[PDB]
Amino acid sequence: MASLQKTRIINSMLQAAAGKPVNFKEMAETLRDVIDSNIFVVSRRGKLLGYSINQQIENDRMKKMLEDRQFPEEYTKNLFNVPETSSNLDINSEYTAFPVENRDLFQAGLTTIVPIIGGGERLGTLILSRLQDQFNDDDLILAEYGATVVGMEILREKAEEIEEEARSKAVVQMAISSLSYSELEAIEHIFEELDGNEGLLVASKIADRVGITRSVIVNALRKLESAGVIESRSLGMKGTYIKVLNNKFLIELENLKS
């Protein structure tokens, strides 16, 4: 079966990872295992989204890149000139994934370059590198399957962010729209009278201070809480603990300013 197993091994990981937010290191690791090579998933601008090392490289600059999660601008920018997979590039390629200062320490340095194509776009580049061993057709299939698969995920990552923002904004709209003029004013205060994402406050105290009805402060909080913008614990003899669940909310409360 040979290749059939490994290809499923990928599929396996992908289907495990649906549900959890995308993880690139884990994806890189899986590829490294099935392919038996160094894996680097590089963004359009050199951000190492994730990477897995199959054989360490004693080179301090290389060592920094992996720490800093970044590859040289020049090096990265030139990868977009690779339109299709370019396989088994020696140590003398501009595109080699091994250090150039030591082209003798890695004579047997083969780098394969595999574009990552998303929704019909070049999302990034999957770089594979190893010492000595050639990248055969059977290896190449697993690189390209892998690339395609990583491309899905890069796209899902954004998909989920923009969807989550959408959801957050909605909440804020729910809340704001539900609030009466006076209540809104009151909220502006309560959030003014603290500075943080959470905190405690007695409405009775706030009422007399700023000259607003206990009543409204109290209904105002009730609406925010029903929207999902916060959660409140009645703290009995003294006030009510208040925890903002929506970051976006308080920013919104500035934007309108009169």
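Residue indices: 1-based, along the sequence shown.
If you average the C-alpha B-factors over 166 to 174 and over 127 to 135, the higher value belongs to 127 to 135. The mean Cα B-factor in the deposited entry runs higher for 64 to 72 than for the other of 222 to 230 and 64 to 72.
Out of 114, 187, 89, 108, the entry records its largest CA B-factor for 108. For the set 161, 104, 144, 153, the maximum C-alpha B-factor listed in the entry falls on 104. In the PDB entry, a CA B factor belonging to the highest third of its chain's modelled residues is recorded for residue 81. In this PDB entry, the Cα temperature factor of residue 13 sits in the top third of its chain's modelled residues, the highest group. Looking at the C-alpha B-factors along this chain, the one for residue 238 belongs to the highest third.
Sort the chain's modelled residues by C-alpha temperature factor and residue 200 lands in the middle third, per the entry. When the modelled residues of the chain are ordered by their C-alpha B factor, residue 48 lands in the middle third.
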